[PDB]
Each structure stands twice: as structure tokens, then as C-alpha cells.
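In what follows, a structure is listed as C-alpha cells, so that the remarks can point back to it.
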RNA sequence: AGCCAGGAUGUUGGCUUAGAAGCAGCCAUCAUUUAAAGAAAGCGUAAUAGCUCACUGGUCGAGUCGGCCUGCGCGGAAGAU
Ligand SMILES: [Mg+2]
Ligand SMILES: [Mg+2]
Ligand SMILES: [Mg+2]
Ligand SMILES: [Zn+2]
């Protein structure tokens, strides 16, 4: 049920990633299936509130990346070393 | 009575006063009369006699050194 | 807000006389009285007064709220009049009242003789009671306050000048 | 009254007030709880 | 009784109303008459039974004499002479030690019918559950 | 408090007493002690037990939410403090009687007994009641009529 | 939030104590009567007594409560010509 709007990443690398995080965005990646991986950028406070529920990690969930619905599962999360914020997520294609 | 390093053991409520029963050490009852008076506006008899020997608290014991 | 926002009736017989920022209010008894406001906007018309913020004072509202409240007690003041009521406690504690000065005997080596201010007057049902009526709420409070001060109630036998709606401590002494 | 650097409510009746520049504690039940330099 | 005024209850005894170390003086000394609880009590004593726990209230103002009232026995105590064990633990209630009579608890509670709120006399039982799970002593229901 | 799922029960329950009831009284319990309830529960007691109520609710918002049902004579009772009393079995009975006798033992006001519904109206203490079964007052109306 | 009311019965729960009666400790924390009322959140007591709270009924009449993240500030802050 979880609907995650997103955008393809136009910039990659340590430089951009940090920039994103200054603006309450944060990078993540969709990979899996037989098709290429995809570099995503997500709105932070949103995924935070969402991932507050345990279902986030169990349920299949959907990402609307430039109007598609990719539909994936949360593989891995990077939390901040000492804050309550998210750094990065691995999404597996289901 | 408690402050005086004392153990209490009963109360009756004998008629008008209230007899209070306690085991309290000797080296500690000195000048009771004087204060018992202050605490009860002068109206308070009391009485004591020997009962037993019990261990003296350490700081007491090590003080009692001749 | 709320207190600011609530209105306030002007009971039949009262004057009111705004002039800029200077309200004045006469009623039955009471020397009228006159306050000043600042970042408040006072609005007459009607059989009421109403208070609200003036453009450009971040202090507004809080100001209006006070304003409303003050004005109010003036109305209630100059109409019904205000209370008081003190009582002495302690052996040898007299009170007299000659005209507009209370004569107290509070166990000092001299009299006291406290002169009442202006719009306030005093009586003595017993030698151990003082009720003083007046219109100006701010002052009536002050004078009782002054009167209590000559001998604030001590907490061992409660001796001294009391209010009556007071609570007064009281602790067990503990010789010695 | 106690002065301290950390002040905080003690009783359920202690109240906390900012008078002048200074933070305070007033207890209507228990004089021991008055506090300043907050 | 639509107005309380003075009441101190310190469970007395029937067979002889004339204590002295337990109660004695302390049961009557502020406008109360030690002479009349052996004239009056025992007049309401022998009709029932004697010896066992009696809380009580009296009608003394400052009017010299008085009139004595009756009451009812403690309820967790009807689990002593009306159950088994007379203490309640022995192994502090870190251990669930006691032991119950399910048959009893109703009629032995019912004996206290005149001092309870439950309309349903079965309800008056359900109260005695906690009154008798006062230790954690299970009932062989 | 509870949400709606609970403000609805206090309704569906309390209004099916009106829909399936007998008599209604009145009373304002400013000073309502607990020796108060204690007693009146034994009275409900005599008056069956738990056949009776009094569920304080005079939130118009509650025990009027049961009125535009039946007894819309109570849009007028419901203001201020109130203690609504419903009857299921029993005569249109004595319920009436002791409320006046109770509150006339000080036992707080009685709302001047704003009254209620059997008819559709207002106030006045009646024992036009629990004579009920005083059909004997129509048995004695037999032999005495036959003889005299 | 104020203000009026109530804030109860088994019952001093049990244990433990000289006394533990909602309230020193230990274990339990149910059940009644209910509109609601803890086998009790604090004051108090030698212990009871006594005063409150939680909770509910009334009044009132539209907003209100408190955590998370952040910007700038407040106290903390005493020295010698
Ligand atoms: Mg770099
Ligand atoms: Mg100052
Ligand atoms: Mg400095
Ligand atoms: Zn305090």
C-alpha cells in the first residue's frame, strides 16, 4: 500500500549525495530483476514516517518514479550514525 | 526514643496517657528527663531498668577505647 | 484573548468617559478613577466595552487582556465597591480607627498609627477586626497588604495581622 | 531560598516563573522549594 | 443514620465485656461510660454467639450515657476459622502459598450479606475472589 | 473518555429503555453523596434490582439523543444537572414517590422535580400508583356494594 | 483551564511491623456499587484521623494538549591602579 513518490537521480557521487541530504532529500537505489539498476532520490521526512511502521520492511511496496510504479522490497537501510534520520536504502525489485 | 538508637515494643493507650514501651541503650538515655519534659510540656513520667546487653554499633565500639 | 475578547457590561448608572487612552468611570459610590492604556484599542458604544489589539504592537492582546480586566474592576469597583477584612490574633492585639487612621497595638514599644490613603475607609467591629471598604481595587489590596506587614502572621501560634481568606502555615515547634 | 544552576519543579505544586531576567520556582505548599539563578 | 459524628472500631470480645490491657479504658473515656458496656453489650451478645471478633460503634455525644450499636466481622478473616491456615504466607508472597474451599466463599461470604453493595448475591461472591486471592491462594473450583 | 463507538452504546442501550419502558422521573444531584446512590440502588433493589437506572447523562447531547426518539417533553428537562430514571417492569410505581420523600429528607434538590412522561407532561407527586394491585379497592367495592 | 459536585462498599487486601489502616517495605492489584472513583498520584498521621489527585456528573462555550526535528536567544558567569 505504501506509495513512495521519487525521482531519478540526475547527480551521483559523494558530493551530490551530501547536497541532497542538506535539502531533506536522500538517495536510494532500486536494483533487481533482469533490467538495469536505478538511482533514486526520496523525500526524507516522508520515508521516515512511513518506515516508522514495521510493515515497511515486510510488505512489498511501490515507488512512483516518473510515473511507473516499480514495486519493490526494502533490502537494506543506512541510518545516521547518531541522529534520527535516513542515509540510504537498497530496494530489491520484486 | 527512636532517635536515641531505640527499639519500640508496645503502646496500650492506658487510660489518659499512653504508655510507650521500648528497649533503648543506657549510654543514650542520659538527661532524658530534661528533654522528655520539653517534648511533652512537662507532663510525662518515665521509668527504666536494666534488661540486657547487645552489640554496640561500631563507631560506638571503636570510640569506647581506653 | 478570551479575557480580552470577552466583553464587559456597563451597569445602569455608570458614566464612562474615554478620551484617547484615558478611561474614566463614575458610578454609585467611588471617586470615579482613571487608567491609561497603550497598545490597546478601547471601544465604547453599546452598554459594553470591548478591547482589542492595535496594529503594530506585538505586545497587543496581552495588553488588551489586562486592559479589559482593569476596566472591569473599575466598573465593579465604583458600583458594588470592594472588600477587605483583616483580623488580629495574639494577646494584647488591639485596633481602633480614629477617622481615617487605624490605631494598632501589636506588641511594640510604641504605637503605630497607619494613615489610610485617599479613597479608602476603615471600621472595627471588635478590637480584633479591621474591614476597610474602597473603590480602587489596586489600592485596597495595597493597604491591607501594608496592614498585614506590621506583623506578618508567624507560623507557631498564627499571631499577627491576618487576612481571613488566608491559609496560614503552622509548624510543630521542636524543643530544643 | 535555594539558588542552584539547575532549578526544576519538586512538588506537584512547584510552579516555575520567569521574573526579571531570572528563572524561579514557587511552591504554594513547601517553602523549601523556592529557587532562583535558574 | 443520616449523619455520622464519632466512630472508633477496635474489635472487642463477647464472653466477658471487661477488658483492660487491650482496650479497657481506651474504649470509653471522653464522655463514655465503662459501667454500661457490661450492662448493655452483653444484652446483645448472648442472643448470637461469644468470644470471636466484634468491631463496634457507640452513640456518645457529651451526653453522659449512650446507646451501643453492633456491626459485622472482617471478611478475609472468614478464611481462618472459615478456611484453614490462620496467617496468610510463611513464604513471603513472592511464593503463592495458600489454599481454598470453593464451596465456601459463597455461604461463608453470604454470612456477611448485611454489609455489601452487590445486588446479585453471586456478585457478593465475586468480591470475595480478590478478598481471597489476597495472597495468590488458588481455589480448587 | 471514549470515542464514538462508546458514545453510541450509552445511546442504543439507554434509548431501548425508553422504547421498552414504563415511567420516568426527575432529579438534580448537586451534592449527590454516595450514601445517596447506595440507598436508591437498594430502592431499585426493592424496585427489582438492576431493572431501574439513573445514569447521569443530562448532556442533552446524550439522554436527549435518546429523546427525539420518545419523550420529546425533555428537551426542557435536560438543561443543567439531571439524573434520568427509567422503569422497565413494575407499576408506573413508587419510583415517583420516594424521589420526593428522599429529596424531602434534604437529600439534595429534586430539580423542583421538573417531571416527565407516562402521559406526556410535567410535575406533581402522585401515589396514583401501587395502589396498583389495589384492585382490592374494587374487591371491597363488591361485597360493600352488594350489602350496603 | 477554571468553578459546583461527588470521589464510594468488601476493606485496616495479604504479608511484615511496637504500629504499615490508599500511601516505610514485600507480593498481589482483583471484585463490587456505579455516572466515575487507582486494593491508589501527592500532602498528612505514632498509627487511624484529616486535605488533595487520577476518574466521572454538572457549568462554560471553541479551539486545545504534548512529543520529534531545527534557527536565534536566557541562566549557569567572582578579581585585584
Ligand atoms: Mg567533496
Ligand atoms: Mg525584582
Ligand atoms: Mg560575572
Ligand atoms: Zn514543592
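Chains as they are written, first to last, in the authors' numbering: chain AV, 1 to 94; chain BV, 635 to 700; chain AG, 1 to 176; chain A4, 1 to 38; chain AI, 1 to 141; chain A5, 1 to 148. Positions of the beta carbon are idealized from the N, C-alpha and C atoms, including for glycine.
(message) Buried or exposed for residue 47 (chain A5), going by 16 or more other Cβ atoms inside 10 Å?
(response) Looking up residue 47 (chain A5) in the sixth chain gives position 47. It counts as buried.
(request) Drop a sphere of 10 angstroms on the beta-carbon of residue 59 (chain AG), count the other beta-carbons inside from all chains shown, and report buried for 16 or more, exposed for fewer. (result) As a first step, residue 59 (chain AG) must be located in the third chain, where it is residue number 59. Result: exposed.
(message) Within a Cβ cutoff of 7 Å, which residues of the same chain sit near residue 101 (chain AG), ignoring the five residues on either side of it in sequence?
(response) The count along the third chain starts at 1 and reaches residue 101 (chain AG) at position 101. Excluding sequence neighbours, residue 101 (chain AG) sits near 113, 114, 115, 116.
(message) If you measure between the beta carbons of residue 29 (chain AG) and residue 78 (chain AG), is that distance less than 8 Å?
(response) Working through the third chain from its first residue, we reach residue 29 (chain AG) at position 29. Working through the third chain from its first residue, we reach residue 78 (chain AG) at position 78. Cβ distance < 8 Å, so residue 29 (chain AG) and residue 78 (chain AG) count as in contact.
(request) Flag residue 661 (chain BV) as yes if its beta-carbon sits less than 8 Å from any beta-carbon of chain AI, otherwise no. (result) In the second chain, the residue the question calls residue 661 (chain BV) occupies position 27. Output row for residue 661 (chain BV): interface = no.
(message) Against chain AI, does residue 657 (chain BV) count as a neighbour if the rule is that its beta carbon must be under 8 Å from one of theirs?
(response) Numbered from 1 along the second chain, position 23 holds the residue referred to as residue 657 (chain BV). So, not an interface residue.
(request) Check each residue of the stretch 91-119 of chain AI: if its Cβ is closer than 9 Å to any Cβ of chain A5, include it; give the result in chain order. (result) Taken in chain order, the members of the stretch 91-119 of chain AI whose beta-carbon sits within less than 9 Å of a beta-carbon on chain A5 are 117, 119.
(request) Identify the contact partners of residue 33 (chain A5) in chain AI, using a Cβ-Cβ distance below 9 Å as the criterion. (result) By 1-based counting over the sixth chain, the position of residue 33 (chain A5) is 33. Per Cβ cutoff of 9 Å: no residues; residue 33 (chain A5) is ~10 Å from chain AI at best.
(request) Can you check the stretch 7-45 of chain AG for any beta strand (DSSP E) of at least 3 residues that lies completely inside it and give the ranges in chain order? (result) 22-24, 34-36, 40-43
(request) Starting from residue 2 (chain AI), find everything on chain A5 with Cβ-Cβ shorter than 9 Å and list it in chain order. (result) If you number the fifth chain from 1, residue 2 (chain AI) lands on position 2. Those are 35, 105, 106, 107, listed as they occur along chain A5.
(message) For a test of the three-state rule: what should DSSP assign to residue 29 (chain AV), helix, strand or coil?
(response) Residue mapping note: residue 29 (chain AV) aligns to position 29 of the first chain, counting from 1. Three-state DSSP puts residue 29 (chain AV) in a strand.
(request) Consider the Cβ of residue 694 (chain BV): report whether some Cβ of chain AI lies at a distance smaller than 8 Å. (result) Numbered from 1 along the second chain, position 60 holds the residue referred to as residue 694 (chain BV). Not closer than 8 Å to any Cβ of chain AI, the Cβ of residue 694 (chain BV) fails to qualify, so no.
(request) Examine ligand 4 and report whether any of its heavy atoms sits within less than 7 Å of the Cβ of residue 135 (chain AG). (result) The residue given as residue 135 (chain AG) occupies position 135 in the third chain. Every heavy atom of ligand 4 is 7 Å or more from the Cβ of residue 135 (chain AG), so no.
(message) Following a CB-centred definition, is residue 20 (chain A4) positioned closer than 7 Å to any heavy atom of ligand 2?
(response) For the purposes of this step, residue 20 (chain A4) is taken as the residue at position 20 of the fourth chain. For ligand 2, at least one heavy atom lies less than 7 Å from the Cβ of residue 20 (chain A4).
(request) Kindly examine ligand 1 and report whether one of its heavy atoms sits closer than 7 Å to the Cβ of residue 15 (chain AV). (result) Mapped onto the first chain, residue 15 (chain AV) falls at position 15. Yes, since a heavy atom of ligand 1 falls inside the 7 Å radius drawn around the Cβ of residue 15 (chain AV).
(request) Quick one: measure Cβ to Cβ for residue 156 (chain AG) and residue 176 (chain AG), integer angstroms, because I've assumed they're closer than 8 Å. (result) Along the third chain, one-based indexing puts residue 156 (chain AG) at 156. Along the third chain, one-based indexing puts residue 176 (chain AG) at 176. Rounded, the Cβ-Cβ distance is 14 Å, inconsistent with contact.
(message) Cβ closer than 8 Å: which chain BV residues qualify as neighbours of residue 175 (chain AG)?
(response) For the purposes of this step, residue 175 (chain AG) is taken as the residue at position 175 of the third chain. Residues of chain BV passing the Cβ test: 669, 672, 673.
(message) Within 8 Å of any Cβ in chain AI, is that where the Cβ of residue 650 (chain BV) sits?
(response) Taking the first residue of the second chain as 1, we reach residue 650 (chain BV) at position 16. For residue 650 (chain BV), the answer is yes, since a Cβ of chain AI falls inside 8 Å of its Cβ.
(request) Consult DSSP for residue 95 (chain AG) and reduce its assignment to one of helix, strand or coil. (result) The residue you call residue 95 (chain AG) lines up with position 95 of the third chain. It is a strand residue.
(message) Closest to residue 66 (chain AI) by C-alpha separation, out of 37 (chain AI), 48 (chain AI), 9 (chain AI), 115 (chain AI), would be which residue?
(response) Taking the fifth chain and counting its residues from 1, one reaches residue 66 (chain AI) at position 66. The residue with the shortest Cα to Cα distance from residue 66 (chain AI) is 37 (chain AI).
(request) Consult DSSP for residue 19 (chain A4) and reduce its assignment to one of helix, strand or coil. (result) By one-based count along the fourth chain, residue 19 (chain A4) stands at place 19. Residue 19 (chain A4): strand per DSSP, three-state reduction.
(message) Any residue with its C-beta under 7 Å from a non-hydrogen atom of ligand 4 counts. Can you list them all in chain order?
(response) 10 (chain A4), 11 (chain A4), 13 (chain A4), 14 (chain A4), 27 (chain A4), 29 (chain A4), 30 (chain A4), 33 (chain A4)
(request) Using a Cβ cut-off of 8 Å (strictly closer), state whether residue 62 (chain AI) contacts chain BV. (result) The residue given as residue 62 (chain AI) occupies position 62 in the fifth chain. With 8 Å as the cut-off, residue 62 (chain AI) does not count as an interface residue toward chain BV.
(request) Look at the Cβ atom of residue 40 (chain AV), then the Cβ atom of residue 28 (chain AV), and state whether they are nearer than 8 Å. (result) Taking the first residue of the first chain as 1, we reach residue 40 (chain AV) at position 40. Taking the first residue of the first chain as 1, we reach residue 28 (chain AV) at position 28. In this structure, residue 28 (chain AV) lies closer than 8 Å to residue 40 (chain AV) by Cβ.
(request) Could you name the residues of the same chain whose beta carbon sits closer than 8 Å to that of residue 671 (chain BV), not counting the 5 residues immediately before and after it, in chain order? (result) Indexing the second chain from 1 puts residue 671 (chain BV) at position 37. Result list for residue 671 (chain BV): 678, in chain order.
(request) Return helix, strand or coil for residue 2 (chain AV), following the three-state DSSP convention. (result) Sequence index remark: in the first chain, residue 2 (chain AV) carries index 2 (1-based). If DSSP states are grouped into helix, strand and coil, residue 2 (chain AV) belongs with coil.
(request) Would you check if the distance between the CB atom of residue 116 (chain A5) and the CB atom of residue 77 (chain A5) is smaller than 8 Å? (result) In the sixth chain, residue 116 (chain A5) corresponds to position 116, counting from 1. In the sixth chain, residue 77 (chain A5) corresponds to position 77, counting from 1. Against a cut-off of 8 Å, the Cβ pair of residue 77 (chain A5) and residue 116 (chain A5) comes out as a contact.
(request) Pair every Cβ in the stretch 101-113 of chain AI with every Cβ in the stretch 39-48 of chain AI, then say whether three or more of these pairs are closer than 8 Å. (result) No: the two stretches stay apart, fewer than three of their Cβ pairs being nearer than 8 Å.
(request) Pull up the DSSP beta-bridge partners for residue 27 (chain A4), would you. (result) Here residue 27 (chain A4) is taken as the residue at index 27 of the fourth chain, counted from 1. 14 (chain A4).
(message) Can you pull the chain AI neighbours of residue 49 (chain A5), defined as C-beta to C-beta under 9 Å?
(response) In the sixth chain, counting from the first residue as 1, residue 49 (chain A5) sits at position 49. Per Cβ cutoff of 9 Å: 119, 120.
(request) Classify residue 687 (chain BV) as buried or exposed, calling it buried when 16 or more other Cβ atoms lie within 10 Å of its own Cβ. (result) In the second chain, residue 687 (chain BV) corresponds to position 53, counting from 1. That one is exposed.
(request) Kindly indicate if chain AI contains any beta-carbon less than 8 Å away from that of residue 45 (chain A5). (result) Taking the sixth chain and counting its residues from 1, the one referred to as residue 45 (chain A5) is at position 45. At least one chain AI Cβ lies under 8 Å of residue 45 (chain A5).
(message) Just to confirm, is the Cβ distance from residue 151 (chain AG) to residue 163 (chain AG) under 8 Å?
(response) Locating residue 151 (chain AG) in the third chain gives position 151, counting from the first residue. Locating residue 163 (chain AG) in the third chain gives position 163, counting from the first residue. Against a cut-off of 8 Å, the Cβ pair of residue 163 (chain AG) and residue 151 (chain AG) comes out as no contact.
(message) From the DSSP secondary-structure annotation, give me the bridge partner or partners of residue 87 (chain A5).
(response) Mapped onto the sixth chain, residue 87 (chain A5) falls at position 87. Beta-bridge pairing links residue 87 (chain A5) to 52 (chain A5).
(request) Taking C-beta pairs closer than 8 Å, name the residues in chain BV that residue 21 (chain AI) reaches, listed in chain order. (result) In the fifth chain, residue 21 (chain AI) corresponds to position 21, counting from 1. By Cβ distance, chain BV contributes 646.
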